[PDB]
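Engineer: This is the structure, below, for whatever I ask next.
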Amino acid sequence: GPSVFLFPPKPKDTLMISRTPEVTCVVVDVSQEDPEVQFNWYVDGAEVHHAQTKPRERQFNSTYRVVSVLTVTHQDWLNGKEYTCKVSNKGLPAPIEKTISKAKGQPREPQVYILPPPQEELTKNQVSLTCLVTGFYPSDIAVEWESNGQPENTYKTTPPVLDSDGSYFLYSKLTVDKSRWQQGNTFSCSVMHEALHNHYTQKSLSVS
Amino acid sequence: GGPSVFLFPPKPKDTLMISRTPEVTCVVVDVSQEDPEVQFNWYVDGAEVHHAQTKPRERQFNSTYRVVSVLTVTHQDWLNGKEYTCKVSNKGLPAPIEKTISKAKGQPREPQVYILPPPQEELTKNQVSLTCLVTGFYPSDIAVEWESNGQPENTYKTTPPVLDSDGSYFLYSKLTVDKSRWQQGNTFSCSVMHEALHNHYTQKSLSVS
Ligand SMILES: *[C@@H]1O[C@H](CO[C@@H]2O[C@@H](C)[C@@H](O)[C@@H](O)[C@@H]2O)[C@@H](O[C@@H]2O[C@H](CO)[C@@H](O[C@@H]3O[C@H](CO[C@H]4O[C@H](CO)[C@@H](O)[C@H](O)[C@@H]4O[C@@H]4O[C@H](CO)[C@@H](O)[C@H](O)[C@H]4NC(C)=O)[C@@H](O)[C@H](O[C@H]4O[C@H](CO)[C@@H](O)[C@H](O)[C@@H]4O[C@@H]4O[C@H](CO)[C@@H](O)[C@H](O)[C@H]4NC(C)=O)[C@@H]3O)[C@H](O)[C@H]2NC(C)=O)[C@H](O)[C@H]1NC(C)=O
Ligand SMILES: *[C@@H]1O[C@H](CO[C@@H]2O[C@@H](C)[C@@H](O)[C@@H](O)[C@@H]2O)[C@@H](O[C@@H]2O[C@H](CO)[C@@H](O[C@@H]3O[C@H](CO[C@H]4O[C@H](CO)[C@@H](O)[C@H](O)[C@@H]4O[C@@H]4O[C@H](CO)[C@@H](O)[C@H](O)[C@H]4NC(C)=O)[C@@H](O)[C@H](O[C@H]4O[C@H](CO)[C@@H](O)[C@H](O)[C@@H]4O[C@@H]4O[C@H](CO)[C@@H](O)[C@H](O)[C@H]4NC(C)=O)[C@@H]3O)[C@H](O)[C@H]2NC(C)=O)[C@H](O)[C@H]1NC(C)=O
């Protein structure tokens, strides 16, 4: 019957304070005469009550699904206190509790590298760019690219890829133009990953 | 209770060489116990072919039942637009789980392929990375290999297909090799293959040039 799913926030959300990251709790398989639950949290054994819970969001397939937030002061996560959701509903015998904290590991400083494009693209009238990122733990990460001060969106970035050194890697791509590049300017690769001098790093190089 | 059936395609590796024959498979899930087994009444958009090996029932941890249905096929009828089929007759429930699959229809594209050398920042690293980029392709059924002086480089890693711009896709590919052995002039060869490619195969290959 009732199953329970909770989720840690996005890396990008943990790596900047401007958005408090949210450890979230979620429940489906909840019928009607099956009283709503309370989202008892327990941070390492601390009955904190910052929950920005919402009501039961019903479903087409007839499931009173519910949610509830618990934001956290970012630091508690960079060392990952042990968090716990808990269910307070008449229904399944007794509650459901699922601990969650960033997977252990002495993290690693990533290796960011910008790679200018090649000759079979140079010639093409619109050319793309690569910021390889290797050897970092954990895969919890985010990346952006920005064109000389003002940022960008015209870029994509592949979800990570397991790599035999216990550490991950990944790439991205910027579809810049002839107009911008050879006509004098560089571009910047922004890399948010905890274990680094201010986590964020930026790389950049131009015509050379 | 809710007997299900699911259909399956062949890997984008098993349809780019005929040494391998593409495997097409039909999976019967969550049967019932005293239910008799089933019959596989295949087709090919209308051709009840009979070359589909049947393995007797295989129970499942949840004390349930499942079966499978294989298909050795053709690197042709599968790459032109022939919609294959499957069907189970079962005393389970009044049902013929009439199912079909096509090739991922849609216009095939022209995937551009490049190799990228280590960054000036990487250099003084013990081992070394080297990159294969592929962009501008539809569909995403594309395979990748890396090699050197002919020899097969198996020690490589692959970034799964990702979406991009023009409705097309892309994917990068990475390799770690001895910077030492590197500096002594050794070309390295990315080598992809995808549907409507030149002979369904092009590779680029470079080194310290
Ligand atoms: C009735 O309807 C509800 C509501 O959903 C509706 O119907 C479904 C079919 C979809 O069409 C919905 O769009 C639609 O609204 C159904 O509830 C759905 O079904 C089950 C639960 O019943 C859930 O499956 C789990 O999904 C989580 C991932 O959570 C994401 O799931 C979907 C995307 O993957 C997406 O639908 C969800 O919204 C949710 O998306 C996340 O949302 C948060 C919240 O904002 C957001 O922050 C995230 O960014 C976003 N993430 C993504 C990726 O989009 C998944 O984690 C679960 O996998 C675990 O459990 C599996 C078995 O359940 C197991 O096979 C997996 O391997 C994995 O196992 C876990 O593994 C780790 C490590 O090994 C371990 O620590 C865990 O303990 C272990 N867990 C277990 C159990 O083993 C799982 O797949 C759906 O998410 C859920 N969707 C919603 C919206 O509630 C319901 O099923 C319907 N019933 C019927 C009969 O149809
Ligand atoms: C009782 O047990 C059985 C047996 O399960 C087994 O035993 C348990 C105890 C555990 O050990 C399990 O780990 C183990 O599987 C249960 O039977 C299962 O039933 C579920 C349905 O609820 C099936 O889920 C399907 O999942 C496939 C995903 O494809 C991969 O899934 C598995 C990942 O490991 C893998 O086992 C599968 O084989 C398959 O992986 C590929 O398999 C082929 C084999 O033919 C192999 O050659 C490949 O190499 C292998 N590759 C990889 C990478 O694994 C999925 O296709 C189905 O999802 C469809 O439907 C979902 C909604 O139900 C939807 O969310 C999905 O997106 C997808 O939707 C389809 O999407 C396509 C394209 O977008 C669209 O065209 C379709 O219209 C659309 N259809 C629908 C309906 O949405 C499906 O969910 C399990 O595969 C199956 N397992 C087995 C072994 O049979 C049974 O559920 C148990 N009962 C209970 C109550 O728990």
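The way I read the labels, and the way they are meant: chains A, B, ... in the order of the structure tokens, residue 1 as the first residue of every chain, and ligand 1 as the first ligand shown, with later ones counted on from there.
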Using only C-alpha atoms and all ligand atoms, tabulate the residues of chain A lying at most 6 Å from any atom of ligand 1, each with its closest atom pair and that distance in Å to one decimal, by chain and increasing residue number, as JSON lines.

Structural biologist:
```
{"residue": "A:28", "atom": "CA", "partner": "ligand 1", "partner_atom_place_in_ligand_line": "22 (O)", "distance": 5.6}
{"residue": "A:59", "atom": "CA", "partner": "ligand 1", "partner_atom_place_in_ligand_line": "2 (O)", "distance": 5.8}
{"residue": "A:61", "atom": "CA", "partner": "ligand 1", "partner_atom_place_in_ligand_line": "1 (C)", "distance": 4.9}
{"residue": "A:63", "atom": "CA", "partner": "ligand 1", "partner_atom_place_in_ligand_line": "1 (C)", "distance": 5.9}
```

Engineer: Put those residues in a file: N, CA, C and O atoms, as a PDB file, in the first residue's frame.

Structural biologist:
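New file selection.pdb:
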```pdb
ATOM      1  N   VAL A  28       2.779   9.101  -1.854  1.00  0.00           N
ATOM      2  CA  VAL A  28       1.664   8.643  -2.674  1.00  0.00           C
ATOM      3  C   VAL A  28       1.184   7.315  -2.086  1.00  0.00           C
ATOM      4  O   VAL A  28       1.742   6.814  -1.111  1.00  0.00           O
ATOM      5  N   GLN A  59      -4.749  12.863  -7.186  1.00  0.00           N
ATOM      6  CA  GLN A  59      -4.191  12.396  -8.441  1.00  0.00           C
ATOM      7  C   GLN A  59      -5.302  11.813  -9.300  1.00  0.00           C
ATOM      8  O   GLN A  59      -6.348  11.401  -8.796  1.00  0.00           O
ATOM      9  N   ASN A  61      -5.211   8.973 -10.910  1.00  0.00           N
ATOM     10  CA  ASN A  61      -5.333   7.556 -10.600  1.00  0.00           C
ATOM     11  C   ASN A  61      -5.776   7.364  -9.156  1.00  0.00           C
ATOM     12  O   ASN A  61      -5.525   6.314  -8.554  1.00  0.00           O
ATOM     13  N   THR A  63      -5.151   8.944  -5.952  1.00  0.00           N
ATOM     14  CA  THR A  63      -4.168   8.863  -4.870  1.00  0.00           C
ATOM     15  C   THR A  63      -4.055  10.264  -4.278  1.00  0.00           C
ATOM     16  O   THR A  63      -3.577  11.186  -4.944  1.00  0.00           O
TER      17      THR A  63
END
```

Engineer: Report as a tab-separated table (two decimals) with C-alpha atoms, in the first residue's frame all protein, DNA and RNA residues lying within 12 Å of range 9-21 of chain A, evaluated on only C-alpha atoms, omitting residues in the same chain fewer than 3 positions from it.

Structural biologist:
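That gives us selection26.tsv:
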```tsv
chain	number	residue	atom	x	y	z
A	6	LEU	CA	11.69	12.02	-0.19
A	24	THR	CA	11.68	17.47	0.54
A	25	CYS	CA	9.32	14.69	1.61
A	50	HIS	CA	10.38	24.69	9.46
A	69	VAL	CA	9.32	20.89	2.56
A	70	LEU	CA	12.09	21.39	5.06
A	71	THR	CA	14.64	23.95	3.94
A	72	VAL	CA	18.04	23.91	5.65
A	73	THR	CA	20.88	26.32	6.37
A	74	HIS	CA	23.33	25.21	3.63
A	75	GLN	CA	26.21	24.47	6.02
A	76	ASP	CA	24.32	21.67	7.82
A	77	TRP	CA	24.39	19.91	4.45
A	78	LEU	CA	28.00	20.51	3.35
A	79	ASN	CA	28.80	18.32	6.36
A	80	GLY	CA	25.44	16.59	5.92
A	100	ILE	CA	19.02	11.03	3.94
A	101	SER	CA	22.40	12.77	3.90
A	102	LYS	CA	25.01	13.35	1.22
A	138	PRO	CA	30.34	13.92	-5.64
A	139	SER	CA	28.46	14.21	-8.94
A	140	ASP	CA	26.32	16.79	-7.11
A	141	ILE	CA	27.20	19.73	-9.35
A	142	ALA	CA	26.04	22.55	-11.58
A	143	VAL	CA	27.55	24.46	-14.49
A	144	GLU	CA	26.80	27.59	-16.52
A	190	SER	CA	31.31	28.38	-14.37
A	191	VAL	CA	31.56	25.25	-12.22
A	192	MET	CA	29.75	24.87	-8.87
A	193	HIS	CA	30.99	21.90	-6.85
A	194	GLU	CA	31.34	22.01	-3.03
A	195	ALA	CA	34.95	20.84	-2.51
A	196	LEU	CA	36.71	23.83	-4.04
A	198	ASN	CA	34.60	28.97	-2.85
A	199	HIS	CA	33.29	25.87	-4.72
A	200	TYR	CA	32.67	27.97	-7.82
```

Engineer: Looking only at strand (DSSP E) from DSSP on the backbone, list the matching residues of range 133-208 of chain A as a ChimeraX atom specification.

Structural biologist: /A:133-136,142-147,150-151,155-156,168-170,173-177,187-192,201-205

Engineer: Can you tell me which residues come within 8 Å of ligand 2 when counting only C-alpha atoms and all ligand atoms, ideally as a list in words?

Structural biologist: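 Answer in the requested format: residues 4, 6, 7, 8, 9, 10, 11, 25, 26, 27, 28, 29, 30, 60, 61, 62, 63, 64, 65, 66 and 68 of chain B.
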
Engineer: Which distance in Å separates CA of residue 186 in chain A and CA of residue 170 in chain A, to one decimal?

Structural biologist: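 Taking CA of residue 186 in chain A and CA of residue 170 in chain A, their separation equals 21.5 Å.
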
Engineer: For chain A, list the residues within 12 Å of chain B, counting only C-alpha atoms, and write the list as JSON, numbers by chain.

Structural biologist: {"A": [111, 112, 113, 114, 115, 116, 117, 118, 119, 120, 121, 122, 124, 127, 128, 129, 130, 131, 132, 133, 134, 135, 153, 154, 155, 156, 157, 158, 159, 160, 161, 162, 163, 164, 165, 168, 169, 170, 171, 172, 173, 174, 175, 203, 204, 205, 208]}

Engineer: With N, CA and C atoms retained, write the just-selected residues as a CSV table (one decimal), in the first residue's frame.

Structural biologist:
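The file below, selection26.csv, is the result:
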```
chain,number,residue,atom,x,y,z
A,111,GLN,N,38.4,18.9,-11.9
A,111,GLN,CA,39.4,19.4,-12.9
A,111,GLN,C,38.6,20.0,-14.0
A,112,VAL,N,38.5,21.3,-14.1
A,112,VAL,CA,37.8,22.1,-15.1
A,112,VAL,C,38.8,22.4,-16.2
A,113,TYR,N,38.3,22.3,-17.5
A,113,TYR,CA,39.2,22.6,-18.6
A,113,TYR,C,38.3,23.1,-19.8
A,114,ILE,N,38.7,24.2,-20.3
A,114,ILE,CA,38.0,24.7,-21.5
A,114,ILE,C,38.8,24.2,-22.8
A,115,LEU,N,38.0,23.8,-23.8
A,115,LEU,CA,38.6,23.2,-25.0
A,115,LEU,C,38.1,23.9,-26.2
A,116,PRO,N,38.9,24.8,-26.8
A,116,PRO,CA,38.4,25.5,-28.0
A,116,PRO,C,38.1,24.6,-29.1
A,117,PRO,N,37.3,25.0,-30.1
A,117,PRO,CA,36.7,24.1,-31.1
A,117,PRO,C,37.7,23.7,-32.1
A,118,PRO,N,37.4,22.7,-33.0
A,118,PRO,CA,38.3,22.3,-34.0
A,118,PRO,C,38.1,22.8,-35.5
A,119,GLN,N,38.9,22.3,-36.4
A,119,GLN,CA,38.9,22.8,-37.8
A,119,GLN,C,37.7,22.5,-38.5
A,120,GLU,N,37.1,21.3,-38.3
A,120,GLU,CA,35.8,21.0,-39.1
A,120,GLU,C,34.6,21.8,-38.6
A,121,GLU,N,34.8,22.5,-37.5
A,121,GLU,CA,33.8,23.4,-37.0
A,121,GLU,C,34.1,24.9,-37.2
A,122,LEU,N,35.3,25.3,-37.0
A,122,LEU,CA,35.9,26.6,-37.4
A,122,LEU,C,35.2,27.1,-38.7
A,124,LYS,N,32.6,25.9,-40.3
A,124,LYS,CA,31.2,26.0,-40.2
A,124,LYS,C,30.8,27.4,-39.6
A,127,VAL,N,29.7,27.6,-34.3
A,127,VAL,CA,30.7,26.7,-33.7
A,127,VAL,C,30.4,26.6,-32.2
A,128,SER,N,30.7,25.4,-31.6
A,128,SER,CA,30.4,25.1,-30.3
A,128,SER,C,31.7,24.9,-29.4
A,129,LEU,N,31.5,24.9,-28.1
A,129,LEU,CA,32.5,24.9,-27.1
A,129,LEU,C,32.3,23.9,-26.0
A,130,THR,N,33.4,23.6,-25.3
A,130,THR,CA,33.4,22.4,-24.4
A,130,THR,C,34.2,22.8,-23.1
A,131,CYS,N,33.5,22.5,-22.0
A,131,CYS,CA,34.2,22.7,-20.7
A,131,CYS,C,34.2,21.3,-20.0
A,132,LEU,N,35.2,20.5,-20.2
A,132,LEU,CA,35.3,19.2,-19.6
A,132,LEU,C,35.5,19.4,-18.1
A,133,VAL,N,34.9,18.5,-17.3
A,133,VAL,CA,35.0,18.5,-15.8
A,133,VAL,C,35.3,17.1,-15.4
A,134,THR,N,36.4,16.8,-14.7
A,134,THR,CA,36.8,15.5,-14.4
A,134,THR,C,37.1,15.3,-13.0
A,135,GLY,N,37.0,14.0,-12.5
A,135,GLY,CA,37.7,13.6,-11.3
A,135,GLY,C,37.2,14.2,-10.0
A,153,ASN,N,22.2,31.3,-22.1
A,153,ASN,CA,21.4,30.2,-22.0
A,153,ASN,C,21.6,29.2,-23.1
A,154,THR,N,22.1,29.7,-24.3
A,154,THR,CA,22.2,28.8,-25.5
A,154,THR,C,23.2,27.7,-25.3
A,155,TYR,N,23.2,27.0,-24.2
A,155,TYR,CA,24.2,26.0,-23.9
A,155,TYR,C,23.4,24.8,-23.3
A,156,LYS,N,24.0,23.6,-23.4
A,156,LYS,CA,23.5,22.4,-22.8
A,156,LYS,C,24.7,21.7,-22.1
A,157,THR,N,24.4,20.7,-21.2
A,157,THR,CA,25.4,20.1,-20.3
A,157,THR,C,24.9,18.7,-20.0
A,158,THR,N,25.8,17.7,-20.3
A,158,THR,CA,25.3,16.4,-20.2
A,158,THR,C,25.3,16.0,-18.7
A,159,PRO,N,24.2,15.3,-18.2
A,159,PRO,CA,24.3,14.6,-16.9
A,159,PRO,C,25.5,13.8,-16.8
A,160,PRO,N,25.9,13.5,-15.6
A,160,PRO,CA,27.3,12.9,-15.3
A,160,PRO,C,27.5,11.5,-15.9
A,161,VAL,N,28.7,11.0,-15.7
A,161,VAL,CA,29.1,9.7,-16.3
A,161,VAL,C,30.1,9.0,-15.4
A,162,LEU,N,29.7,7.9,-14.8
A,162,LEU,CA,30.5,7.2,-13.9
A,162,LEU,C,31.9,6.9,-14.5
A,163,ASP,N,32.9,6.9,-13.7
A,163,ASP,CA,34.3,6.7,-14.2
A,163,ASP,C,35.1,5.9,-13.2
A,164,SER,N,35.9,5.0,-13.7
A,164,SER,CA,36.5,3.9,-13.0
A,164,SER,C,37.4,4.3,-11.8
A,165,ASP,N,37.6,5.6,-11.6
A,165,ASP,CA,38.4,6.1,-10.4
A,165,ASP,C,37.6,6.5,-9.2
A,168,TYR,N,33.5,11.1,-11.0
A,168,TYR,CA,32.7,11.3,-12.1
A,168,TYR,C,33.4,12.2,-13.1
A,169,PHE,N,32.7,12.6,-14.2
A,169,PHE,CA,33.1,13.7,-15.1
A,169,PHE,C,31.9,14.1,-15.9
A,170,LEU,N,32.1,15.1,-16.7
A,170,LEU,CA,31.0,15.5,-17.7
A,170,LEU,C,31.5,16.6,-18.6
A,171,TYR,N,30.6,17.1,-19.5
A,171,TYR,CA,30.9,18.1,-20.5
A,171,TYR,C,29.9,19.2,-20.5
A,172,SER,N,29.9,20.0,-21.6
A,172,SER,CA,28.9,20.9,-21.9
A,172,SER,C,29.2,21.4,-23.3
A,173,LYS,N,28.3,22.3,-23.8
A,173,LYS,CA,28.5,22.8,-25.2
A,173,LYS,C,27.9,24.2,-25.3
A,174,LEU,N,28.6,25.1,-26.0
A,174,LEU,CA,28.1,26.4,-26.3
A,174,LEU,C,28.1,26.7,-27.8
A,175,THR,N,27.0,27.1,-28.3
A,175,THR,CA,26.9,27.3,-29.8
A,175,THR,C,27.1,28.8,-30.1
A,203,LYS,N,36.6,29.2,-15.7
A,203,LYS,CA,37.7,29.1,-16.7
A,203,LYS,C,37.3,30.0,-17.9
A,204,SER,N,38.3,30.3,-18.7
A,204,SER,CA,38.1,31.2,-19.9
A,204,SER,C,39.4,31.2,-20.7
A,205,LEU,N,39.3,31.2,-22.0
A,205,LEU,CA,40.4,31.6,-22.9
A,205,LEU,C,39.8,32.0,-24.2
A,208,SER,N,43.7,32.2,-29.7
A,208,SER,CA,45.2,31.9,-29.4
A,208,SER,C,45.6,30.7,-30.2
```

Engineer: Please list as a list in words every residue within 7 Å of range 183-190 of chain B, counting only C-alpha atoms and excluding residues in the same chain fewer than 6 positions away.

Structural biologist: residues 115, 132, 145, 146, 147, 148, 149, 203, 204, 205, 206, 207 and 208 of chain B

Engineer: List the neighbours of residue 84 in chain A out to 6 Å using only C-alpha atoms; skip same-chain residues closer than 2 positions along the sequence, and give me the result as a PyMOL selection string.

Structural biologist: chain A and resi 41-42+98-99

Engineer: Restricting the output to N, CA, C and O atoms, write the selected residues as an mmCIF file, in the first residue's frame.

Structural biologist:
```cif
data_model
loop_
_atom_site.group_PDB
_atom_site.id
_atom_site.type_symbol
_atom_site.label_atom_id
_atom_site.label_comp_id
_atom_site.auth_asym_id
_atom_site.auth_seq_id
_atom_site.Cartn_x
_atom_site.Cartn_y
_atom_site.Cartn_z
ATOM 1 N N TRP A 41 9.839 15.631 10.999
ATOM 2 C CA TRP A 41 11.251 15.488 10.693
ATOM 3 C C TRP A 41 12.036 15.240 11.974
ATOM 4 O O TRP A 41 11.543 15.428 13.089
ATOM 5 N N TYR A 42 13.278 14.781 11.802
ATOM 6 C CA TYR A 42 14.182 14.576 12.932
ATOM 7 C C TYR A 42 15.595 14.783 12.387
ATOM 8 O O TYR A 42 16.186 13.852 11.833
ATOM 9 N N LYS A 98 12.777 7.634 6.471
ATOM 10 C CA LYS A 98 13.855 7.393 5.520
ATOM 11 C C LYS A 98 14.946 8.423 5.759
ATOM 12 O O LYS A 98 14.736 9.616 5.519
ATOM 13 N N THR A 99 16.100 7.969 6.240
ATOM 14 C CA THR A 99 17.214 8.874 6.473
ATOM 15 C C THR A 99 17.834 9.289 5.147
ATOM 16 O O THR A 99 17.762 8.569 4.145
#
```

Engineer: What gap, in Å, lies between CA of residue 125 in chain B and CA of residue 177 in chain B?

Structural biologist: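 Pair CA of residue 125 in chain B / CA of residue 177 in chain B returns 10.7 Å.
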
Engineer: Using only C-alpha atoms, determine which residues lie at most 6 Å from range 40-42 of chain B, disregarding the query and same-chain residues fewer than 4 positions distant; provide the list as a ChimeraX atom specification.

Structural biologist: /B:48,85-88

Engineer: Please produce an output containing C-alpha atoms for each residue in the selection, written as a short mmCIF file (atom, residue, chain, number, x, y, z; two decimals), in the first residue's frame.

Structural biologist:
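Listing of result-v8.cif after writing:
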```cif
data_model
loop_
_atom_site.label_atom_id
_atom_site.label_comp_id
_atom_site.auth_asym_id
_atom_site.auth_seq_id
_atom_site.Cartn_x
_atom_site.Cartn_y
_atom_site.Cartn_z
CA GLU B 48 3.42 -14.16 -39.17
CA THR B 85 4.76 -7.27 -33.84
CA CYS B 86 4.17 -9.66 -30.91
CA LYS B 87 1.13 -11.39 -29.40
CA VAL B 88 0.45 -13.75 -26.50
#
```

Engineer: Please provide the set of residues having any atom within 9 Å of residue 1 in chain B, restricted to only C-alpha atoms, with same-chain residues fewer than 6 positions apart removed, written as number ranges by chain.

Structural biologist: B: 30-32, 92-93

Engineer: What does the file look like for those residues with C-alpha atoms, as a short mmCIF file (atom, residue, chain, number, x, y, z; two decimals), in the first residue's frame?

Structural biologist:
```cif
data_model
loop_
_atom_site.label_atom_id
_atom_site.label_comp_id
_atom_site.auth_asym_id
_atom_site.auth_seq_id
_atom_site.Cartn_x
_atom_site.Cartn_y
_atom_site.Cartn_z
CA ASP B 30 3.03 -10.90 -13.99
CA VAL B 31 1.22 -13.91 -15.40
CA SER B 32 -0.79 -16.11 -13.05
CA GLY B 92 -4.62 -15.81 -17.99
CA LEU B 93 -7.25 -13.32 -19.07
#
```

Engineer: Measure the distance from CA of residue 44 in chain B to CA of residue 82 in chain B in Å and round it to one decimal.

Structural biologist: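 Computing it gives 6.8 Å between the two atoms.
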